[PDB]
Amino acid sequence: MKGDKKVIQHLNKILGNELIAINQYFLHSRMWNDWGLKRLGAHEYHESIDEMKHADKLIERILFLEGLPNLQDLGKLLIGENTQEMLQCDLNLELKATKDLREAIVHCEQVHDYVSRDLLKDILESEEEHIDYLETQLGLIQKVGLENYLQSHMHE
Amino acid sequence: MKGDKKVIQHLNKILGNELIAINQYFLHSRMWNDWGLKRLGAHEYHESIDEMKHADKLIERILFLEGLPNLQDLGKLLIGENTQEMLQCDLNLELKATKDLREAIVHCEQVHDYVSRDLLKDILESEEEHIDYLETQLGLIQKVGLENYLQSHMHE
Amino acid sequence: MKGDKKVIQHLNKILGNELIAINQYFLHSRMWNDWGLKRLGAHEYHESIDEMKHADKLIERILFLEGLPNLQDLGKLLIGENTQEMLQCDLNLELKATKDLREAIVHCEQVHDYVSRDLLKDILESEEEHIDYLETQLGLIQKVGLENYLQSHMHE
Amino acid sequence: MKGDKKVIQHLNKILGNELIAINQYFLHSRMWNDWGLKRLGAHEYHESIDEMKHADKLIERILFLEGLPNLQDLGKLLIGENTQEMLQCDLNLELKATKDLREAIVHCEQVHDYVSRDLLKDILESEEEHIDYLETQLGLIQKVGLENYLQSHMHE
Amino acid sequence: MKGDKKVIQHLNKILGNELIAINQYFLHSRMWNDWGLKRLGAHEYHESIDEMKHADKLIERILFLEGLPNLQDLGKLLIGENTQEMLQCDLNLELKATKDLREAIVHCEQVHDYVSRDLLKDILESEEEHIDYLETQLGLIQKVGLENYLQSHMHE
Amino acid sequence: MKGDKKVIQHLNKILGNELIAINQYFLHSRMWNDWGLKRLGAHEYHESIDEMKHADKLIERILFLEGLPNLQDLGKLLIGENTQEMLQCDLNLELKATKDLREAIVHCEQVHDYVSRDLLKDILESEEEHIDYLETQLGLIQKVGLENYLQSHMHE
Amino acid sequence: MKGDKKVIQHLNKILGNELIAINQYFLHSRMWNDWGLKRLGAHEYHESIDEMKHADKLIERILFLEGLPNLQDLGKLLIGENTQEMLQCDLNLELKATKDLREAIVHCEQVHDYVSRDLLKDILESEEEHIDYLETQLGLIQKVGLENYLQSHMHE
Ligand code: HEM
Ligand code: HEM
Ligand code: HEM
Ligand code: HEM
Ligand SMILES: [K+]
Ligand SMILES: [K+]
């Protein structure tokens, strides 16, 4: 079904953000696992999987709309060097992701692509839930102290 | 455990090949699904998952050896425009992957990193299994005809 | 709960499209079954049942909004004479149906009938899935040949 | 129990034919699997297993009759280069085998070795069933065409 | 996948050793069963089956590497005339097999056919397990006496 | 089966290292249990058992190769007196152990004892898993602080 | 709980005896397994395990009493070269062990370490059970002859 060219451009932009997130979260997961912070590693692994599922749906939607999914262009991964930085890197990424999702939803609405809008809204709900998690972790580091926070994330 | 710097470079190079293949096979899978060739789409999805698992193991090995996994530098995806082309693109990628695997194994052997060698040998066994599958599909297209071959791959 | 009069008019227009689709898809189903193409016959039956469920929900919404559902005025059935024509007739109907659905959503949004919009978005998702199915069938006819395509739809 | 010398010679000749068939069918099975014709590959594997079981019983009978089973002399394997040739190679071998079985049964009857006769009759029944299969496959190649015939033997 | 021509020659040489062992061990098994030494007969049967499985894997590897498996050129079976000779004939055969396996692995390693090497290594582990069994049996014949050793192998 | 004399000397050297590790880990386990650090105690017990299993396989291999396993010449145990030193003592022992394993594998490869090499490779994989655990634990003490680290290991 | 210094020295002497017995019984077990005498191998393995469990209770008691368990000094292993010698070597060790256990119990009684006495009495009961087994095996060899005795210990 021939989709709107600019919708497909927006879907490829969102897809690009998801492809960054997949790799960034997966590396952060395996870094936390390497450091013995297995609760963080497991949670971050599930974040990466969730972004994979979003990327899948975007690819499927782009192809149904007769566009070409772009899995070639990979933007800048924000890789931290310690737990505080890694969480903030994920948070910085997610805030760019939600800006772009809101702009894509506007455009879907204007060309009456209400199904693509509904998909993007679902992805946006998932990204805001990730923001909630991240902001909460950063707040907990302040409330319990960094050593306690990390200790609490050693064991699953 | 401090690894050989050149081993780590080889492992990042293999990881780079797996990252290409993850994206190429995943896109090929969703294209075949979109065209109604669901048996191909499902098979190619499982190939993409297999590459994801190899990438995971490579990432974990690099970190254990105190290297920096490189998920940033994505190489060229070989995307076909029809089934015959897509299969040949996968095969071309696999032949490059196995050449690089052999060179990495040689080096691991020379520096006595026998555990990295064992990992890469397992990955090489998986890639040769993919080559077998790909060569066989191309052969079947010649034996049964393209139209029959595609017909046989419509339904799961 | 007294609804917007033009919303009710749009809902009755969507219902009119669903009532055409029920009969067209049911007759095509039974034609394919009579011809021994039982996989087409069964899939088309399920498409007709889906339209019946949509019509049900539209009738219920119209009555809740204190309008009069119009089940009396049946528009033109597009009945094919062979498989390719029947599929294209279904696709022509669906493209008209999605056009009307989008115009109805616009009007729901403008007068703040957000629940009617949500119902119509869900129906639109179902109709786009049928379009995907129909487009894929027509494409498969070109990839495997009509004779193979019909062969693959003889048996459930 | 001391058997007739010529009966034992016949049994060793039948054994020699089965030993050829084991290897021929096993190699054909693995050729078909390598080509992705897994249904032919699996069926031919079962034909090879059936010949293994006959060879076992012949070896046991020879040893009971105080003869020396000959597993050393292996006659000529008829290996085809395509599916039609492999099937005909199997058939030609089976037609020789049943001729030799009939001559061995004649001699068993003459010297009153009714138990060896019964064994050979059971083996002959298996070989005629294999002939039925082979002639049927070659007939189906003619009825449905080679491309369809091979298509129908891709998947188990 | 086109393999190294000398690798393929080594694989056919290993395959030829497996084919001798299949026949030698099967015949020894059935001789022991005929003599009422059913525990030896059963264990020897399972040795033959294991060699059949190795032969299968070699045939498959050879075909994947685009060589022609040789099931035609059967070398010399070493058939004993009593239990002590049969075991020693098996051991003599296994010691030649392991020599040939080691030389094949050397070459696989030199030309980087690491998957063929892995297969050969697995086969060599099975062959060394058989050597262990055979050497132990000959030691037991000394330690318990021939009469007791045979008595211990009458019943399963 | 007569083994290479120097291979057997390497195997006895690896055995000696496992024999040290069995006792060191078992004592460290029981010290941690006595101190109320039961999670360390249990994990360290499982490390000792794994070393026991490696020593068993080494003894079995040495005897098969017709060597004399040396369980008499116990080398120096590295017994720590607090948690951090105990972990570092285990790490120091493992680093010596993997150095010896690599030298033994080199020699196995040179004399073509590929089964001994495969055994030592499996043992090296286990010791590298232990190194990974140990390095992770020492890193955790730095990240969460010694008092929290110990706290987290009081309870199973 | 600070224990009597000479009690602790006795406990370490008993521990030393158990440590010799662990290795001596484990090697004898694996020697019998290598020779095909698996019932002897299995029983001697279970004797080695029993001594391992005694050593564990002695290590735990010494630590509780605030002594230092000595796992470093290994006394002389009495390794036999044939079954009779191996059993007698085990018996000679056990008789030295029970002599040392009796002197240890005398001293525990004198200084009122009744709990250590109870542990040593339990170990003494196990060692006297092992002496029973060993004396009985040596007696059976005399009654049934070594060849029959070994025959009866081939299969588990
Ligand atoms: C560095 C790149 C990637 C890595 C390391 C990775 C890793 C993984 C792993 C380990 C799994 C679990 C496999 C299993 O055990 O079953 C998985 C699942 C999955 N991946 Fe990826 N992946 C990557 C990229 C992608 C991309 C780019 C996509 C899609 C565009 C994707 C789509 C999926 C899906 C759909 C699943 C299954 C999720 C489910 O459980 O439903 N992955 N991935
Ligand atoms: C040509 C006109 C129609 C035909 C031939 C037809 C046929 C059928 C058939 C054969 C079934 C399955 C019943 C069963 O076996 O249990 C069914 C179910 C149903 N029909 Fe129709 N129908 C028609 C029109 C309609 C209309 C106009 C509506 C609503 C406005 C409707 C609503 C439904 C509903 C709600 C179901 C139950 C579906 C479910 O939940 O499984 N049908 N119809
Ligand atoms: C090229 C030579 C041969 C090959 C590749 C081969 C291969 C095989 C394989 C793969 C199996 C199934 C094993 C399993 O997974 O359980 C099998 C079974 C068997 N083979 Fe062979 N074989 C060969 C020769 C022989 C010969 C020469 C004999 C007898 C003289 C024989 C007797 C049997 C028997 C009795 C079975 C078990 C059948 C059953 O399931 O009852 N085979 N063979
Ligand atoms: C030559 C040195 C040793 C060898 C080869 C050895 C071997 C073994 C083996 C093979 C097992 C069974 C493991 C399994 O499959 O789960 C085991 C268990 C065990 N070992 Fe050792 N071991 C040795 C020394 C020791 C020592 C020195 C101690 C204590 C100081 C010890 C304490 C234990 C314990 C407590 C068990 C568990 C027994 C049970 O409850 O089942 N072992 N050993
Ligand atoms: K705390
Ligand atoms: K006896």
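Given the conditions (1) under 30 Å from C:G145 (Cβ atoms); (2) more than 13 Å from the chain's Cα centre (by Cα); (3) of a type outside the set (G, A, S), and given that B:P69 satisfies all but one, which numbered condition is not satisfied?
(1)
Scan the range G:99-110 and give yes if some residue there is away from ligand 2 (no atom under 16 Å from the Cβ), more than 14 Å from chain E (Cβ to nearest Cβ) and either of a type in the set (G, A, S) or part of a loop (DSSP other than H, G, I, E, B) (or both), otherwise no.
yes
Among E:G41, E:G75, E:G80, which is the only one that is touching a residue at least 24 places away in the same chain (Cβ under 8 Å), under 20 Å from E:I141 (Cβ atoms) and not polar (S, T, N, Q)?
On inspection, the qualifying residue turns out to be E:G80.
Which of the numbered conditions does D:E125 fail, given that it passes all the others? Conditions: (1) over 17 Å from the mean Cα position of the chain (by Cα); (2) within 30 Å of D:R39 (Cβ to Cβ); (3) of a type in the set (D, E, K, R).
(1)
So which of B:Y133, B:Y149 ends up being within 14 Å of chain D (Cβ to nearest Cβ), aromatic (F, W, Y) and touching a helix residue (DSSP H, G or I) at 6+ places or on another chain (Cβ under 6 Å)?
B:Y149
Name the residues in the range G:137-148 that are within 10 Å of ligand 6 (Cβ to nearest atom), farther than 16 Å from E:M154 by Cα and in a helix (DSSP H, G or I), would you?
G:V144, G:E147
Answer with yes or no whether C:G36 is more than 13 Å from ligand 2 (Cβ to nearest atom), under 25 Å from B:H155 (Cα atoms) and either within 14 Å of chain A (Cβ to nearest Cβ) or not in a helix (DSSP H, G or I) (or both).
yes
Of (1) more than 11 Å from chain D (Cβ to nearest Cβ); (2) under 11 Å from the mean Cα position of the chain (by Cα); (3) closer than 23 Å to E:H112 by Cα; (4) of a type in the set (G, A, S), E:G3 satisfies all except one. Which?
Result: E:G3 passes all but (2).
Hey, any hits in the range F:96-111 for a residue that's more than 20 Å from F:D4 (Cα to Cα), within 16 Å of ligand 4 (Cβ to nearest atom) and not aromatic (F, W, Y)?
So far as the range F:96-111 goes, yes, one or more of its residues are more than 20 Å from F:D4 (Cα to Cα), within 16 Å of ligand 4 (Cβ to nearest atom) and not aromatic (F, W, Y).
Does F:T136 qualify as being β-branched (V, I, T), within 14 Å of the chain's Cα centre (by Cα) and more than 16 Å from ligand 1 (Cβ to nearest atom)?
no
How many residues are more than 9 Å from chain E (Cβ to nearest Cβ) and free of Cβ contacts under 8 Å to residues at least 24 places away in the same chain if we restrict to the range D:46-57?
Residues that pass the stated criteria total 3.
Out of G:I49, G:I79, I need the residue that is surrounded by 17 or more Cβ atoms within 10 Å (Cβ to Cβ) and β-branched (V, I, T). Which one?
Within the list G:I49, G:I79, the selection yields G:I79.
Please go through the range E:101-130 and give me each residue that is among the hydrophobic types (A, V, I, L, M, F, W, C) and crowded, with 18+ Cβ neighbours inside 10 Å, ordered by number.
Matches in the range E:101-130: E:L101, E:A104, E:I105, E:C108, E:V115, E:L119, E:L120, E:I123, E:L124.
Quick one: count up the residues across the range F:67-80 that are more than 9 Å from chain G (Cβ to nearest Cβ) and not hydrophobic (A, V, I, L, M, F, W, C).
4
For every residue, the table says whether it meets (1) touching an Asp or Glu at 6+ places or on another chain (Cβ under 9 Å); (2) not hydrophobic (A, V, I, L, M, F, W, C).
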{"position": "C:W32", "(1), (2)": "yes, no"}
{"position": "C:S48", "(1), (2)": "no, yes"}
{"position": "C:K57", "(1), (2)": "yes, yes"}
{"position": "C:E60", "(1), (2)": "no, yes"}
{"position": "C:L101", "(1), (2)": "yes, no"}
{"position": "C:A104", "(1), (2)": "no, no"}
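Please work out which one of (1) in contact with a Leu (Cβ under 6 Å, 6 or more places away or on another chain); (2) over 15 Å from F:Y25 (Cα atoms) is the condition F:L134 fails and give its number.
(2)
Taking interchain pairs and intrachain pairs at least six residues apart, which have beta carbon atoms under 9 angstrom, with the first residue in the range E:133-156 and more than 17 Å from E:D90 (Cβ to Cβ) and of a type in the set (D, E, K, R) and the second assigned to a helix (DSSP H, G or I) and more than 11 Å from ligand 6 (Cβ to nearest atom)?
What qualifies is E:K143/G:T83; E:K143/G:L146; E:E156/E:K38; E:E156/E:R39; E:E156/E:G41; E:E156/E:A42.
Does G:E60 satisfy being farther than 28 Å from G:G139 by Cα and touching a residue at least 40 places away in the same chain (Cβ under 8 Å)?
No; evaluated as a whole, the condition is false for this residue.
I'm checking my understanding of the structure. Among residues of the range E:23-46 that are surrounded by 23 or more Cβ atoms within 10 Å (Cβ to Cβ) and closer than 13 Å to E:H130 by Cβ, which one is farthest from ligand 1 (Cβ to nearest atom)?
Among them, the one singled out is E:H28.
Listed residues A:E125, A:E156; which is assigned to a helix (DSSP H, G or I) and either within 20 Å of A:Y25 (Cβ to Cβ) or away from ligand 3 (no atom under 16 Å from the Cβ) (or both)?
Going through A:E125, A:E156 in turn, just one is assigned to a helix (DSSP H, G or I) and either within 20 Å of A:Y25 (Cβ to Cβ) or away from ligand 3 (no atom under 16 Å from the Cβ) (or both): A:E125.
Can you name the residue in the range G:111-121 that is in contact (Cβ under 8 Å) with a residue 60 or more places away in the chain and of a type outside the set (S, T, N, Q) and, of all such residues, is nearest to the other protein chains (Cβ to nearest Cβ)?
Step by step, filter the range G:111-121, then rank; the result is G:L119.
Here is a check on your reading of the model: is A:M86 within 14 Å of chain F (Cβ to nearest Cβ), under 30 Å from F:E129 (Cα atoms) and either under 14 Å from the mean Cα position of the chain (by Cα) or not in a helix (DSSP H, G or I) (or both)?
yes
Using ideal geometry, Cβ is built from the backbone for each residue, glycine included, and neighbour counts are taken over all protein chains shown. Read-outs: derived from the displayed coordinates by stated rules, not from any lab.
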